[PDB]
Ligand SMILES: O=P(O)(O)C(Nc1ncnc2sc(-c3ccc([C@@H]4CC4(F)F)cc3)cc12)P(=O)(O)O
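Coming up is one lone chain in structure tokens, specifically the form deposited without this ligand.
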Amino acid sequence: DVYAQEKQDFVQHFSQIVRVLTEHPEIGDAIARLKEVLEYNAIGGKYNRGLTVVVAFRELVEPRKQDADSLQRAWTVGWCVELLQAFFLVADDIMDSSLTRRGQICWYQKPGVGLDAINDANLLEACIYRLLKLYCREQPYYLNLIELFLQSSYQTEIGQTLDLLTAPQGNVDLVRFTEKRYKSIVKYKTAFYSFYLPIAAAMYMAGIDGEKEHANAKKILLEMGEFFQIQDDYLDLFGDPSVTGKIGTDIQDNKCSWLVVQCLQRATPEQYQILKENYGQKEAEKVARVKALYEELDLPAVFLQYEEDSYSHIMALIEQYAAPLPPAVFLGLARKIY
């Protein structure tokens, strides 16, 4: 598996990223806080999004054009995608009242950090553009990349807004939890930046900036991102917490989860009341009653059937829209999420 091999060489390159970013002695203490933010928050995940930049790059560029510099730009931009992710996560864990992330306590829960994490998160964002300028400003794709990262921020932040507006704290919400609202939320908050962004960045770096091709790519990747978020929702409640590295909050947080959307579609009137009285509250007793209703409605089996139908669907889409890009570009990614 192309992702599996590249992982260590990609992780290995992180020391250089920090080196170039953490280097005006007056702001010395600030750069030391930045490194500390980077070490804690950019490391520990699976790196699928940044690896996608490196894997798609190798697969799109002609070997005779994969020199040292060209390859260094590729994994620098992969690390830019990782930085964007770290930024999103640090801020989202505050807003979601999360406890752990990637197998350690959330950055904003660390004694001595707190709501300072808000500035820490935005520093991670700033680092993307620091890196693009340091390594890509003389490439013809400089502006394309800047605009693509900026639009991705906007996209996810618009998605996050939908997320929060559909999960008002303290408000029985069930009427809002529809398939159509769910699909919108995750298209913007997850699918664009987790799937379109890294393939698109690699495309631009390869000189593939045709609109039709990006649209065809996008068509594949947004549907992959939709399943990816549905899987995240499933894992929030039903995943092994020692594998996911994070504790679920969706029920307590009144989130428009794929699970609750599927519950409302299958719930008897009597079961709908169970949901209405227990969802979106902090009481452990009430959360557990939601989980029992899901398991009683066999949502774990409904997720299982959905993952296989969705897989076949993405596969159909790759056959439709991959050309002229190599199929492996999307099969590598799809293999890593299914």
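Rigid core (definition): largest C-alpha set, two forms, superposition within 1.5 Å. Numbers for residues come from their place in the sequence shown, where the first is 1.
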> Do any residues of the deposited sequence lie unmodelled between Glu23 and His24, and which range holds their number: none, 1 to 3, 4 to 9, or 10 or more?
Replying inline: 4 to 9
> Mean C-alpha B factor from the entry: is it higher for 41-49 or for 270-278?
Replying inline: 270-278
> Where do the C-alpha atoms have the higher mean temperature factor in this entry, in 261-269 or in 214-222?
Replying inline: 261-269
> Going by the deposited entry, which of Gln109, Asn119, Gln85, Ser242 has the highest CA temperature factor?
Replying inline: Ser242
>> By the CA temperature factor listed in this entry, which of these ranks top: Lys255, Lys189, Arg137, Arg101?
In response: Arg137
> Of the three thirds of its chain by CA temperature factor, lowest, middle or highest, which one includes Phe228?
Replying inline: lowest
>> Could you place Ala56 in the lowest, middle or highest third of its chain by Cα temperature factor, using the values in the record?
In response: middle
> Of the three thirds of its chain by CA temperature factor, lowest, middle or highest, which one includes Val172?
Replying inline: highest
>> Splitting the chain's C-alpha B-factors into thirds, which one does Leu71 fall into?
In response: highest
> When the modelled residues of the chain are sorted by Cα temperature factor, does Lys286 land in the lowest, middle or highest third?
Replying inline: highest
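The discussion below concerns the form solved in complex with this ligand, not included here.
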> Taking heavy atoms only, is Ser310 within 4.5 angstroms of this ligand in the deposited complex?
Replying inline: yes
> Can any non-hydrogen atom of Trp75 be found within 4.5 angstroms of this ligand in the deposited complex?
Replying inline: no
> in the deposited complex, does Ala32 have a heavy atom within 4.5 Å of this ligand?
Replying inline: no
> Given that the partner is absent here, does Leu304 sit within 4.5 Å of this ligand in the deposited complex, heavy atoms only?
Replying inline: yes
>> At 4.5 Å between heavy atoms, only one of the stretches 139-147, 220-228, 170-178, 262-270 reaches this ligand in the deposited complex; which one is it?
In response: 220-228
>> At 4.5 Å, heavy atom to heavy atom, what parts of 314-338 sit next to this ligand in the deposited complex? List them in sequence order, or say none.
In response: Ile314, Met315, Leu331, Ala334, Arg335, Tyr338
> Which residue in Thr190, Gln85, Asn254, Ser152 stands out, with a C-alpha shift of 2 Å or more between this form and the one not shown when both forms are set on the rigid core?
Replying inline: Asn254
